[PDB]
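**Student:** Input: one structure, supplied below.
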Amino acid sequence: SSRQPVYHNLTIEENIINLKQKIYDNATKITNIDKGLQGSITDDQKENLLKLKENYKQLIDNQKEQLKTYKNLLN
């Protein structure tokens, strides 16, 4: 009534795919910020597009960390 490896793995796998979709979307977010950086923008604008870009890279950074831990867990 405790050891259920298949169950355990479907739960982890779902966590992994969802994590990968987040990384993909965050990566998308960054490529669009780049585009946004090429346009006609002030300096407050350029300033914040760069802060966001930094937040998304850090976000992606953790998620790849988690991804590692999740893959450890499997089984």
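Letters A, B, ... mark the chains of the structure tokens in the order given; residue numbers begin at 1 per chain; ligand numbers begin at 1, in order shown.
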Please provide as a list in words all residues within 8 Å of residue 6 (chain A), with the sequence filter that same-chain residues fewer than 3 positions apart are discarded (counting only C-alpha atoms).
**Tutor:**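 Near neighbours after the sequence-gap exclusion: residues 9, 10 and 75 of chain A.
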**Student:** Find the spatial neighbours of residue 69 (chain A), counting only C-alpha atoms, within a cut-off of 12 Å - ignore same-chain residues fewer than 3 positions away - and output them as a ChimeraX atom specification.
**Tutor:** /A:12,15-16,19,62-66,72-74
**Student:** Just the residues within 12 Å of residue 55 (chain A), please, counting only C-alpha atoms, with nothing from its chain fewer than 4 positions along; format it as a list in words.
**Tutor:**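 After dropping sequence-adjacent residues, the list is residues 26, 27, 29, 30, 33, 48, 49, 50, 51, 59, 60, 61 and 62 of chain A.
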